[PDB]
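So this block is entry-v7.pdb, PDB, C-alpha atoms:
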ATOM      1  CA  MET A   1       0.000   0.000   0.000
ATOM      2  CA  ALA A   2       2.262   2.735  -1.316
ATOM      3  CA  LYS A   3       3.056   2.045  -4.951
ATOM      4  CA  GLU A   4       1.633   4.712  -7.229
ATOM      5  CA  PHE A   5       2.668   3.337 -10.601
ATOM      6  CA  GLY A   6       1.218   2.141 -13.887
ATOM      7  CA  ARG A   7       2.227  -1.430 -13.137
ATOM      8  CA  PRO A   8       0.006  -4.180 -11.715
ATOM      9  CA  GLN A   9       1.436  -3.216  -8.346
ATOM     10  CA  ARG A  10      -0.427   0.069  -8.103
ATOM     11  CA  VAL A  11      -3.886  -1.405  -8.536
ATOM     12  CA  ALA A  12      -2.753  -4.239  -6.299
ATOM     13  CA  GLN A  13      -2.025  -1.610  -3.676
ATOM     14  CA  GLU A  14      -5.215   0.416  -3.900
ATOM     15  CA  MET A  15      -6.969  -2.928  -3.641
ATOM     16  CA  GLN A  16      -4.752  -4.152  -0.828
ATOM     17  CA  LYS A  17      -5.501  -0.983   1.101
ATOM     18  CA  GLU A  18      -9.188  -1.185   0.269
ATOM     19  CA  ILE A  19      -9.375  -4.845   1.217
ATOM     20  CA  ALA A  20      -7.048  -4.290   4.149
ATOM     21  CA  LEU A  21      -9.462  -1.652   5.388
ATOM     22  CA  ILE A  22     -12.655  -3.610   4.843
ATOM     23  CA  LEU A  23     -10.643  -6.500   6.230
ATOM     24  CA  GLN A  24      -9.897  -4.481   9.344
ATOM     25  CA  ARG A  25     -13.177  -2.592   9.374
ATOM     26  CA  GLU A  26     -15.886  -4.867   8.027
ATOM     27  CA  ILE A  27     -14.114  -7.647   9.887
ATOM     28  CA  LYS A  28     -14.359  -8.328  13.602
ATOM     29  CA  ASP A  29     -11.231  -6.549  14.775
ATOM     30  CA  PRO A  30     -12.854  -4.739  17.708
ATOM     31  CA  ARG A  31     -14.830  -7.872  18.486
ATOM     32  CA  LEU A  32     -11.581  -9.776  18.861
ATOM     33  CA  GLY A  33      -9.988  -7.039  20.934
ATOM     34  CA  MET A  34      -7.069  -7.484  18.569
ATOM     35  CA  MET A  35      -5.613  -5.944  15.433
ATOM     36  CA  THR A  36      -5.266  -8.031  12.294
ATOM     37  CA  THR A  37      -2.667  -7.682   9.565
ATOM     38  CA  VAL A  38      -2.336  -8.396   5.863
ATOM     39  CA  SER A  39       1.087  -9.889   5.245
ATOM     40  CA  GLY A  40      -0.164 -11.335   1.979
ATOM     41  CA  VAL A  41      -2.409 -10.373  -0.912
ATOM     42  CA  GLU A  42      -3.160 -12.008  -4.242
ATOM     43  CA  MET A  43      -5.558 -10.893  -6.951
ATOM     44  CA  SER A  44      -5.892 -12.923 -10.128
ATOM     45  CA  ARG A  45      -8.365 -11.478 -12.601
ATOM     46  CA  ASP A  46      -6.889 -13.430 -15.490
ATOM     47  CA  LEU A  47      -9.763 -15.768 -14.714
ATOM     48  CA  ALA A  48     -11.517 -15.192 -11.409
ATOM     49  CA  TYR A  49      -9.463 -16.236  -8.406
ATOM     50  CA  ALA A  50      -7.674 -14.388  -5.628
ATOM     51  CA  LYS A  51      -5.969 -15.176  -2.343
ATOM     52  CA  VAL A  52      -5.796 -12.764   0.569
ATOM     53  CA  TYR A  53      -3.821 -13.289   3.756
ATOM     54  CA  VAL A  54      -4.809 -12.190   7.240
ATOM     55  CA  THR A  55      -2.841 -12.719  10.429
ATOM     56  CA  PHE A  56      -4.417 -12.381  13.854
ATOM     57  CA  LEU A  57      -3.284 -12.675  17.452
ATOM     58  CA  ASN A  58      -6.238 -14.890  18.288
ATOM     59  CA  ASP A  59      -3.631 -17.575  18.843
ATOM     60  CA  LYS A  60      -3.503 -16.090  22.322
ATOM     61  CA  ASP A  61      -6.661 -18.083  22.937
ATOM     62  CA  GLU A  62      -7.411 -21.298  21.086
ATOM     63  CA  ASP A  63     -11.031 -20.678  21.998
ATOM     64  CA  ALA A  64     -11.098 -17.278  20.337
ATOM     65  CA  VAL A  65      -8.940 -18.617  17.531
ATOM     66  CA  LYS A  66     -11.248 -21.537  16.838
ATOM     67  CA  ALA A  67     -14.487 -19.666  17.416
ATOM     68  CA  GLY A  68     -13.122 -16.401  16.073
ATOM     69  CA  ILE A  69     -11.799 -17.955  12.887
ATOM     70  CA  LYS A  70     -15.113 -19.775  12.719
ATOM     71  CA  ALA A  71     -16.785 -16.381  12.643
ATOM     72  CA  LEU A  72     -14.394 -15.198   9.957
ATOM     73  CA  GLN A  73     -15.132 -18.402   8.085
ATOM     74  CA  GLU A  74     -18.887 -17.933   8.118
ATOM     75  CA  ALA A  75     -18.437 -14.282   7.225
ATOM     76  CA  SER A  76     -16.245 -15.477   4.381
ATOM     77  CA  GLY A  77     -18.700 -15.100   1.525
ATOM     78  CA  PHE A  78     -19.717 -11.973   3.401
ATOM     79  CA  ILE A  79     -16.325 -10.318   3.134
ATOM     80  CA  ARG A  80     -15.952 -11.480  -0.449
ATOM     81  CA  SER A  81     -19.427 -10.329  -1.411
ATOM     82  CA  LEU A  82     -19.092  -7.237   0.748
ATOM     83  CA  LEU A  83     -15.924  -6.427  -1.158
ATOM     84  CA  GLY A  84     -17.262  -6.965  -4.657
ATOM     85  CA  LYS A  85     -20.211  -4.781  -3.729
ATOM     86  CA  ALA A  86     -18.030  -2.449  -1.696
ATOM     87  CA  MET A  87     -15.960  -2.010  -4.835
ATOM     88  CA  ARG A  88     -18.836  -2.619  -7.218
ATOM     89  CA  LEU A  89     -16.765  -4.716  -9.593
ATOM     90  CA  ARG A  90     -17.320  -7.830 -11.671
ATOM     91  CA  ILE A  91     -14.161  -9.917 -11.650
ATOM     92  CA  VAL A  92     -15.605 -11.173  -8.384
ATOM     93  CA  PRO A  93     -12.636 -13.559  -8.241
ATOM     94  CA  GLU A  94     -12.447 -16.392  -5.739
ATOM     95  CA  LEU A  95     -10.652 -14.158  -3.266
ATOM     96  CA  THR A  96     -10.110 -16.708  -0.523
ATOM     97  CA  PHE A  97      -9.421 -15.660   3.047
ATOM     98  CA  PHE A  98      -6.286 -17.146   4.561
ATOM     99  CA  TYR A  99      -6.016 -16.804   8.322
ATOM    100  CA  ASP A 100      -2.402 -17.010   9.430
ATOM    101  CA  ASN A 101      -2.513 -16.619  13.194
ATOM    102  CA  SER A 102       0.030 -17.566  15.833
ATOM    103  CA  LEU A 103      -1.784 -20.859  16.276
ATOM    104  CA  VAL A 104      -0.125 -22.270  13.179
ATOM    105  CA  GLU A 105       3.276 -20.665  13.613
ATOM    106  CA  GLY A 106       3.382 -19.095  17.056
ATOM    107  CA  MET A 107       5.134 -16.122  15.499
ATOM    108  CA  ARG A 108       2.118 -14.520  13.869
TER     109      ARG A 108
END
Structure re-expressed in structure tokens:
Amino acid sequence: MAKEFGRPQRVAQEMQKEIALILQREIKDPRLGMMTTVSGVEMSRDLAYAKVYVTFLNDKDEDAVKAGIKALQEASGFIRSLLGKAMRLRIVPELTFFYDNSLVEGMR
């Protein structure tokens, strides 16, 4: 989020910031009394598939990590649909939501 160019990086940024926001706003950040991060972003419009990364500190509690993630899982199609609509687009690529917490690395 800081690449104002004509390359595929610029758009990737604007989108990363837009998704990062809706990913930190539309998401349950305040509900998890924790701040999430986006140490990964992938947008493939060549067909209709994307892959976004989100790291949380839910690891702190396996209960909040399991349940929490469960909430992020159910709100999956919600974030994806909320995005497409939020950005009124069409590509509506399979932008999956990868949750990389500290419960799968311990350093997230």
* To do: Write out as a list in words which residues come within 6 Å of residue 55 in chain A when counting only C-alpha atoms, dropping same-chain ones fewer than 2 positions away.
  => residues 36, 37, 99, 100 and 101 of chain A
Selection from above, C-alpha atoms, as a PDB file, in the coordinates of the input, can you write it?
ATOM      1  CA  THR A  36      -5.266  -8.031  12.294  1.00  0.00           C
ATOM      2  CA  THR A  37      -2.667  -7.682   9.565  1.00  0.00           C
ATOM      3  CA  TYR A  99      -6.016 -16.804   8.322  1.00  0.00           C
ATOM      4  CA  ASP A 100      -2.402 -17.010   9.430  1.00  0.00           C
ATOM      5  CA  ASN A 101      -2.513 -16.619  13.194  1.00  0.00           C
TER       6      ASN A 101
END
Q) Hey, which of A:65, A:107, A:27, A:12 ends up closest to residue 79 in chain A? Count only C-alpha atoms. A)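 Using only C-alpha atoms, residue 79 in chain A sits closest to A:27.
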Result set of the PyMOL selection byres ((chain A and resi 43) around 8) on the coordinates above, as a PyMOL selection string: chain A and resi 12+41-42+44-45+49-52+93+95
Discussion item. List as a PyMOL selection string the protein and nucleic acid residues near residue 69 in chain A, meaning an atom at most 12 Å away when all atoms listed in the file are counted, but skip any in the same chain fewer than 2 places from it.
Written reply: chain A and resi 27-29+31-32+36+54-59+61-67+71-76+97-101+103
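CA of residue 53 in chain A lies 18.7 Å from CA of residue 86 in chain A.
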- Find the distance between CA of residue 104 in chain A and CA of residue 30 in chain A and write it in Å to one decimal.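 If I compute the distance from CA of residue 104 in chain A to CA of residue 30 in chain A, I get 22.1 Å.
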Across A:20, A:11, A:47, A:77, the smallest distance to residue 91 in chain A, with all atoms listed in the file counted, is shown by A:47
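Take CA of residue 106 in chain A and CA of residue 60 in chain A: the distance between them is 9.2 Å.
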query: Which of these residues is nearest to residue 26 in chain A, using only C-alpha atoms: A:3, A:70, A:80, A:108?
result: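 Once distances to residue 26 in chain A are computed over only C-alpha atoms, the minimum belongs to A:80.
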Under the rule that all atoms listed in the file are counted, which of A:34, A:25, A:40, A:82 is the nearest residue to residue 13 in chain A?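 Using all atoms listed in the file, the shortest distance to residue 13 in chain A belongs to A:40.
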With 5 Å of padding per side, what axis-aligned box (centre and edge lengths, Å, one decimal) covers all the listed atoms of range 60-64 of chain A? Give it as AutoDock Vina command-line options.
--center_x -7.3 --center_y -18.7 --center_z 21.6 --size_x 17.6 --size_y 15.2 --size_z 12.6
TODO: Starting from the shown file, work through the PyMOL selection byres ((chain A and resi 17-19) around 9) and note down what comes out as JSON, numbers by chain.
DONE: {"A": [1, 2, 12, 13, 14, 15, 16, 20, 21, 22, 23, 24, 52, 83, 87]}
